[PDB]
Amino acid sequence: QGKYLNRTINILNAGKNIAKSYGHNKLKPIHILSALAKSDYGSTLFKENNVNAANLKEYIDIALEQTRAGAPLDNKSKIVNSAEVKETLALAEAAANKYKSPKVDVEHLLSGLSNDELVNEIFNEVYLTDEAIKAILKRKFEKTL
């Protein structure tokens, strides 16, 4: 039970581990994107939209390194959501409710992540536009019907 699907929560928790690896004690949208791109569901999603997996991971890793906050933190140190991520989740929740989904899934998280300027630069470079995202969301709803 819960408003977030398991797979969504798993992406968020993998994101925290990526954040610590880049020396961050605050989870950031780029960290969540790294996690989403590598997850089972996220990787399949990008494939179908025809987003080259190698090229996307390469953009993500460049951005992860540019924004590195330190050497890896002990994987028993404390990590909290940044204000940026609290927004990611608020927008994911809003998008899910708009498309009449009772749970927040990976596509909704994807829509939320597109608010972040760093993540959105990346999306625009792999030709995943705002219009494309909406279409992903619209198709997902329609498979419900």
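Numbering starts at 1 and runs along the sequence shown.
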Tell me which stretch, 102-110 or 79-87, has the higher mean Cα B-factor listed in the entry. 79-87
The stretch whose C-alpha atoms carry the larger average B-factor in the entry, 62-70 or 26-34, is 62-70
Largest Cα B-factor, entry values, listed residues 135, 11, 19, 122: 135
Based on the PDB entry, the highest CA temperature factor among the options 45, 54, 118, 94 is that of 54
